[PDB]
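Student: First to last, the sequence lines map onto chains A, B and C. In terms of our numbering, the numbers along the first sequence are unbroken and rise by one, the last being 87. In terms of our numbering, the numbers along the second sequence are unbroken and rise by one, the last being 1353. In terms of our numbering, the numbers along the third sequence are unbroken and rise by one, the last being 1461. All C-beta atoms, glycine included, are put in the ideal place defined by N, C-alpha and C.
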Amino acid sequence: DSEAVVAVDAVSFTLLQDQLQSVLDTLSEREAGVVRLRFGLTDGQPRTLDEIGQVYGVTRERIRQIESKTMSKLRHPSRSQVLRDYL
Amino acid sequence: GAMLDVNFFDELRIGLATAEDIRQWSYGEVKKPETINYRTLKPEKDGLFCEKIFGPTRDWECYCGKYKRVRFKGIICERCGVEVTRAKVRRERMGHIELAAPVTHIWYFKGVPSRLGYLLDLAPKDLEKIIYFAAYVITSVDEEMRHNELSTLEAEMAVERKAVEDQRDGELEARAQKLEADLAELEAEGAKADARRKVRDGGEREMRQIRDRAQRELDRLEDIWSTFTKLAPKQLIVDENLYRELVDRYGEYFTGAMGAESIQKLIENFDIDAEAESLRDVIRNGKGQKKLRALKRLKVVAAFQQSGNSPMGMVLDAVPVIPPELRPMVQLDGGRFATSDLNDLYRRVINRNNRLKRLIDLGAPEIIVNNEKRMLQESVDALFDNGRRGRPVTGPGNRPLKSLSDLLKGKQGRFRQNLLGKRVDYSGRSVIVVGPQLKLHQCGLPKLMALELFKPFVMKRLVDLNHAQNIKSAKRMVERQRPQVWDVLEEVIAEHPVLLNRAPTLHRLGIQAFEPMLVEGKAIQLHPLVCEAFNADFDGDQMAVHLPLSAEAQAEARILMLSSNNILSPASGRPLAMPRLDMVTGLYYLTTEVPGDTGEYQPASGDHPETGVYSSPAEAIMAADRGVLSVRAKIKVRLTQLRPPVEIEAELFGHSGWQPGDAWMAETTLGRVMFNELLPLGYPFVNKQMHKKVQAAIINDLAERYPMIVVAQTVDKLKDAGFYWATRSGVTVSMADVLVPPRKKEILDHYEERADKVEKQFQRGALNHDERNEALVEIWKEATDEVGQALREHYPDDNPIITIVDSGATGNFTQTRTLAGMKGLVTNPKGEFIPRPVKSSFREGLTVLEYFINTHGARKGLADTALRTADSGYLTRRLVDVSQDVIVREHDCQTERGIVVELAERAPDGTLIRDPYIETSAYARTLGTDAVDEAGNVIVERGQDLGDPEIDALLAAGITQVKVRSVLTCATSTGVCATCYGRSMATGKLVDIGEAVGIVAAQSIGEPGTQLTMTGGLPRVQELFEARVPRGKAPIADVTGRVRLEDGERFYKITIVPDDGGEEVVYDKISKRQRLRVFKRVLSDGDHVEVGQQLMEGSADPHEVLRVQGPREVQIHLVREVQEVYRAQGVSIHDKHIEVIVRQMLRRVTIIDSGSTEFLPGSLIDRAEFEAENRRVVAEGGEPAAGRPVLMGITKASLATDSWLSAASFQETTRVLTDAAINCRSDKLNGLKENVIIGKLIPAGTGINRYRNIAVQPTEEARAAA
Amino acid sequence: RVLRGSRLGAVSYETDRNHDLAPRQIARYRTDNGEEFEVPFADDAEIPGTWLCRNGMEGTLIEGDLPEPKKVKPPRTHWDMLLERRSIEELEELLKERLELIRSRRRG
DNA sequence: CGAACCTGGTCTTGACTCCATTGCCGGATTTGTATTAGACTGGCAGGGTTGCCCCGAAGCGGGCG
DNA sequence: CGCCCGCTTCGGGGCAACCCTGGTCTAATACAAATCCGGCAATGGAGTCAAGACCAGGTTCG
Ligand SMILES: [Mg+2]
Ligand SMILES: [Zn+2]
Ligand SMILES: [Zn+2]
């Protein structure tokens, strides 16, 4: 059954979720909220930068600057070797 | 009752499903025979895989793809119509097929008896002519109208019969005028007078044709009129043209249909209670087979009346569809699709229903419509069970389509396969090798395999330690095998037992638990002392390895199934880890004593001293390391750290056998001293020669006296010393070490002279061919025994071939006789004896004809071995399927009813001589009676274990008959109690209160059947449990008195004069192969016989010896006879393993009276339940049922259980189930067989409620410790 | 060596949130034989007044929303198949010839 | 201390652009249906194996004259 | 004393589970609806660029 549960990747996925939650915990509140509402990780709905600025009371260009800041923050291999392992 | 699967039911009520329930379960009428679109490979709309019906194939994905995520959940896409959920509910949701015409279920139609015909009191062939559209049947007639109109209808019938009379009158008058015209035209014209007579004859033929034709018209008129009088429901109307002329002629007064609609109408206008009371009256007052037939109908009538069911569901209005994942259509590499053979049946039913609906809405001739309905009926019938009616529907290769009933019945059915067992994860297998340095609770393991077993544990451990930053790095570390992973493997292996398992598991010791340890290589190193229990030699046999995961499972394997905890038998309590071949030979060489050996103690003290004494065994050890002392030499050491045997100890000091501070001498060997250094300090000295029987007795005494850990360590030390002296024993095999006797040839010469005299005697014709065969057989058997005696006296004991046998390591003497000496007589293929013996040994080398003679017996022995292990598997199957519901449930049933055991009946000279079968019968049982000696001292109280010293005490007291408790008389109902079971053989202590002794007993009976060497043998054992009739049925007496012994013509006619007022009991067919039973002297005429004394010596039937000698003796007859077989093979089976089965057979009595409370003649019901109903019915109508205890056979007593789910795994599963849904028999899941199937915690051992619900919390002192 | 298979469907692995869902309406449907059915549509969803329900038939909406009655046509009749090859006067002459045939049956 | 500077975020506006989003029309292809007038009008996989029970013919002892 | 009658009894037989002594077909055509898909052609919100303006407190200088 090649379309069945491989059952190591599922627990790997759950552990990946928890480690990713820890990594988002290592950053600030606005950053974590922006990434979560951006990729829809907290609900399942990826909102856009205009919605994040709508719920945040700031420009969508500010959301894009926050995005670039967070993606630069994420791309430390010193920070994200534990996530480089997860692929 | 909820189907929400919370893993607690305690109840399971099967039953018939109504059409309302079928349309209630489903999710929309599937209505197209389209499974998967050929191009897009998506399921078709409203077809057999339709996602709107069953569910989505992609996880939380609507079919059109609008909603696609888990936020949209529990809703339905308005476009695509598929409710969004997971994909696994496609395993769950059923669909239904609506039907245009109704349908009868074949499970109530093609049965024996057909329950449809038994509810409506109709023939089977009536049904095959109704719902295959070959006959009509009325369902109602308005007789309230039909009588008051039938007056006028008789008037109109007489009018129309008068009209046919007027027609034949006018027709015969026309023929009379034509005959008159023929006569008037024939008379006046001259011709042949014969031609005129033949013209008159043609006119006469015409008028006789007219008169009998209109006569038969009138007969048909009065016939259809008489049919209208005899117009009633449940009437068959064949040939239907009578029916068609009866429809128009007064069609309003009846309702005649044909088919499943007619059956449904008949069930509709069916007050079942009316025929219920009618059948009550008929079985009350009737006579003969009409009464028993009304009983057989009243069974199912009261069955339908009793539950909340209705016979409306016997017809079918909507057919449910099994959810499509259970009948999947999977494609393969290259897109090779694979159907599931039900889709074709479903497609045929769907197509035929659609076609029938189309023709009904169109309007068609009724031949076409009824033919399509018949095709639909046959399609549904084959869909449920292909091949139940008519020819089986097949497919490509003419292979029959695996229909729905095929998933249940048969060996590939769900019940048998689910009972057969599943493949498991965390498992593995390998070949095995010996582990001669391992400890007993230990097994070797290859690191390449144990790495694969413990992969999740090793991943968790090496991701806890800094070697991986997630489980993926750890997994690739496992696959790429970094060298730290073996250290992590040792960490996770330490104190984690695995399960071992040989191929076929004959008994409970076939699965053991061992602490593993890593071993280089790839073969499971296995401890050598457990191969006896496993029956696993090292010829290439492979053992599987499982693994427990939970804390509960690890505790179960650690305490229960550990190797050191299972040394004694479940069968006879003897130790199975007692050593053998190499260890036994080494210990035999180490403990034998050879006189004249080096360093021998001599008492010679003249000028020189005696020179045979040693202050210390260590001093003796140094004296043996130097080339002075042989270890089998007689010496006199002074032991200080060993208990002297009881005589020297008690005479040396005041009973305080203080072997730490003892200081005493012994004239022994060094070897026996070193051997008794293996044994514990508390054990006395042995000072014997280690035969295998002596070692068995030693380990028996150790197990019944000491804790099992000391037995385990002692057995381990014994193995090591046994191997170390197995090397030094020098037991080799040389061709010079096989000596042939020098007087062999003269023995064969003399017996050849005797054989030649017999051959000359047959050559004279002085005797027949068979008798000279028998003469040669006796001559050569005596010659072979003489050869064996000459070889026995010829060999010395140091000969290693005779040393192996004489130790008791292995082998009989007959193997040595075939090695050197004579082969003997070799059997025929049929089993007869070849008259030419093989007079050459295997050392001398055979000749070609002798080898050709030996091949027959060799081939037959191998075939017998294969058939014997197959039949032993079947016998254990039957025994487990009978005795699986006898577990210990109470501590003491506390009856006084118990059987009496013989226990060493005496000798006439005054000696209480020991009976042989004491250790199989009288051992290990709780005494129900107190043991008293002429009412002197009460020597043994009620409820002792009946072990060794109390048996010796009663032997000294001289009393023999002891009324001991047993499971044949256990007063508990749910299983047996504990004290009636007595001592557990596996422990030596009392049996615990959850041990399933039925399965222990069944395995211990069925296991050694392969060593049973075949009227007598394993089939004789097999029919004995099955309560069959013996083919050599030796007769029994029925009453006391002197016999009228008389021998007739080819068979004897032995009568018996009754000693009482009774008739002279005639015994008729006593064939010449039966012989007079010798007892007490031979049987004689006028010998006074007993009540049930056996007439001839042979096999008595159990059923009549039940009917003569009551139920007590028929247990004692069954037990001792079966045990007599296992005595003959030298197999120790304790009788309480037999006595579990015999108690299971006599669970039910027969019933002939209904009495006062709902019984049937010949009904087999439980004795206690028959007792139970009588106590509630002796008050309020005290008419009990006339009961009689009956013995019923193993395959029959198994099938007559109350748990139908257990009974489903037995036989033709349809007839297990079709009555079960009719009776609505709710199973209670109380047997351990059914809880296996549903995966419930089985109620035997750890699963029972007294042990499973233990609250565990520390002491409050201990909480104050930290 | 080993032949593998795949049932053609997607299998994901997510969290079954019974709390964070898209909210949703419920539309009650009434079939031809008065059967009630409560189809869960989404919130943002046009509700069709007609719906093939679980009953195996068409179930209209429980409200008086007045869906389209027929929007269909009859397939064909045997009379249409007859009219494609014969004349009305041809069939009327056959009607009169069978009227005279039943006249000969009745009173002739 | 007073103050200029330097670079950390922080946010705004304004423009831009860019790629989904329909949307419509044109065509391609695919699927289902209707119609093909000389005559033609009743068969095929099916049997053999094992065993268990249902039922009519027959002994047969009891009822009847 | 013998003649009739249902109870019983056995042979006949009637019938449920298993197996295996055990395939090539006229042939298109007309048409209408459905459906796919392919290419311009409106977007229009959503992402991107960039400039620039808000300062806030280290950095350094007087
Ligand atoms: Mg072997
Ligand atoms: Zn959809
Ligand atoms: Zn008891």
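Heavy atom of ligand 3 less than 8 Å from the Cβ of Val1051 of chain B, yes or no?
Tutor: Not under cutoff, so the answer is no.
Student: As a quick check of your reading: which residues have a C-beta less than 6 Å from at least one non-hydrogen atom of ligand 1, in chain order?
Tutor: Per the Cβ criterion, the list is B:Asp624, B:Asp626, B:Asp628.
Student: Quick one: grab the DSSP three-state call for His837 of chain B.
Tutor: Of the three classes helix, strand and coil, the one that applies to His837 of chain B here is helix, per DSSP.
Student: Please classify residue 59 of chain B as buried or exposed, where buried requires at least 16 other C-beta atoms within 10 Å of its C-beta.
Tutor: Examination of residue 59 of chain B is not possible in this model, given that chain B is present from 88 through 1353 alone.
Student: Compare the C-beta of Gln568 of chain B with all C-beta atoms of chain A and state if any pair is closer than 9 Å.
Tutor: Cβ-Cβ to chain A under 9 Å: no for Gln568 of chain B.
Student: Taking the runs of the alpha helix (DSSP H) that are 4 residues or longer, which of them lie wholly in the region 446–507 of chain B?
Tutor: 453–471, 501–507, all fully within the region 446–507 of chain B.
Student: Report buried or exposed for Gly932 of chain B, applying the criterion of at least 16 other Cβ atoms within 10 angstroms of its Cβ.
Tutor: By the neighbour-count rule (16 or more Cβ atoms within 10 Å), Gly932 of chain B is not buried but exposed.
Student: Helix, strand or coil: which one does DSSP assign to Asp824 of chain B?
Tutor: Of the three classes helix, strand and coil, the one that applies to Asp824 of chain B here is coil, per DSSP.
Student: Give the list of continuous beta strand (DSSP E) stretches no shorter than 3 residues that lie fully inside the region 177–218 of chain B.
Tutor: Within the region 177–218 of chain B, the complete beta strand (DSSP E) runs of at least 3 residues are 182–191.
Student: Taking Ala631 of chain B as part of the beta strand (DSSP E), name the residues at either end of that continuous run.
Tutor: Taken as a continuous stretch (DSSP letters only), the beta strand (DSSP E) holding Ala631 of chain B covers 629–633.
Student: Can you check which of these residues, B:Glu861, B:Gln392, B:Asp335, B:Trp112, is closest to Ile921 of chain B by C-alpha distance?
Tutor: Looking at the Cα atoms, B:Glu861 is the closest of the given residues.
Student: Quick check: what's the CA-CA separation for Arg292 of chain B versus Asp281 of chain B?
Tutor: Roughly 16 Å separates the two Cα atoms.
Student: Could you tell me whether any Cβ in chain B is nearer than 9 Å to the Cβ of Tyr56 of chain A?
Tutor: No, no contact with chain B.
Student: If contact means a Cβ-Cβ distance below 9 Å, which residues of the region 1355–1374 of chain C contact chain A?
Tutor: If the cut-off is 9 Å between Cβ atoms, the region 1355–1374 of chain C has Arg1357, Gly1358, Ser1359, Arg1360, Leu1361, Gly1362, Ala1363, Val1364, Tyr1366, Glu1367, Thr1368, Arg1370, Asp1373 near chain A.
Student: Tell me the rounded alpha-carbon separation between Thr426 of chain B and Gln418 of chain B.
Tutor: Computed Cα separation, rounded: 9 Å.
Student: Are there any heavy atoms of ligand 3 lying less than 8 Å away from the beta-carbon of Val1063 of chain B, as far as the coordinates show?
Tutor: At least one heavy atom of ligand 3 is nearer than 8 Å to the Cβ of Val1063 of chain B, so yes.
Student: Please report how far the alpha carbon of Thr1288 of chain B lies from the alpha carbon of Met1232 of chain B, in whole angstroms.
Tutor: Roughly 12 Å between the two C-alpha positions.
Student: Pull up the CB-CB distance for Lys806 of chain B and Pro615 of chain B, whole angstroms please, since I reckon it's below 8 Å.
Tutor: 7 Å between Cβ atoms; contact.
Student: Using a 10 Å radius around the Cβ and a threshold of 16 neighbouring Cβ atoms, would you call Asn473 of chain B buried or exposed?
Tutor: Counting Cβ neighbours within 10 Å, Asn473 of chain B comes out buried, since at least 16 surround it.
Student: Below 8 Å on C-beta distance, what does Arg158 of chain B contact in chain A?
Tutor: The answer, in chain order, is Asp43, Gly44, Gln45.
Student: Would the region 211–218 of chain B count as touching the region 287–304 of chain B if we require 3 or more Cβ pairs under 8 Å?
Tutor: With a cut-off of 8 Å, the region 287–304 of chain B and the region 211–218 of chain B do not count as touching, because too few Cβ pairs lie within range.
Student: Taking the beta carbon of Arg478 of chain B as the centre, do at least 16 other beta carbons fall within 10 Å, making it buried, or is it exposed?
Tutor: Exposed, since its Cβ has fewer than 16 Cβ neighbours within 10 Å.
Student: Thinking C-beta only, is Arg955 of chain B closer than 9 Å to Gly1096 of chain B?
Tutor: Their beta carbons are under 9 Å apart, which means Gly1096 of chain B touches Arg955 of chain B by this criterion.
Student: Give the DSSP-derived three-state secondary structure of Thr1244 of chain B in the structure shown.
Tutor: Correct three-state label for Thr1244 of chain B: coil.
Student: Taking the Cβ atom as the reference point for each residue, do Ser1219 of chain B and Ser656 of chain B lie within a distance shorter than 9 Å?
Tutor: Result yes, Cβ atoms of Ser1219 of chain B and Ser656 of chain B sit closer than 9 Å.
Student: Under three-state DSSP, which class holds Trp312 of chain B?
Tutor: Here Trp312 of chain B sits in helix by DSSP.
Student: Between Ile558 of chain B and chain A, is there a C-beta pair that is closer than 9 Å?
Tutor: Cβ-Cβ to chain A under 9 Å: yes for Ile558 of chain B.
Student: Output, in chain order, the set of chain A residues within a Cβ distance shorter than 7 Å of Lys562 of chain B.
Tutor: Result: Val8.
Student: Am I right that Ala1083 of chain B and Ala1331 of chain B are in contact with their C-beta atoms under 8 Å? What's the rounded C-beta distance?
Tutor: The Cβ separation is near 4 Å, so the contact holds.
Student: Please confirm whether any heavy atom of ligand 2 lies closer than 8 Å to the CB of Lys383 of chain B.
Tutor: Checking every heavy atom of ligand 2 against the Cβ of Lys383 of chain B, none is found closer than 8 Å.
Student: How would you list, in chain order, the residues of chain C whose beta-carbon sits under 8 Å from the beta-carbon of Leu128 of chain B?
Tutor: The contacting residues are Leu1361.
Student: Check the Cβ-Cβ distances between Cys151 of chain B and every residue of chain C, and say whether any is below 9 Å.
Tutor: Not closer than 9 Å to any Cβ of chain C, the Cβ of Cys151 of chain B fails to qualify, so no.
Student: Determine the burial state of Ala1342 of chain B: buried for a count of at least 16 other Cβ atoms within 10 Å of its Cβ, exposed for fewer.
Tutor: Its Cβ having fewer than 16 others within 10 Å, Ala1342 of chain B is exposed.
Student: At which residues does the alpha helix (DSSP H) containing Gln393 of chain B begin and terminate?
Tutor: Element bounds for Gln393 of chain B: 376–393.
Student: Any idea what DSSP makes of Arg60 of chain A, helix, strand or coil?
Tutor: Of the three classes helix, strand and coil, the one that applies to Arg60 of chain A here is helix, per DSSP.
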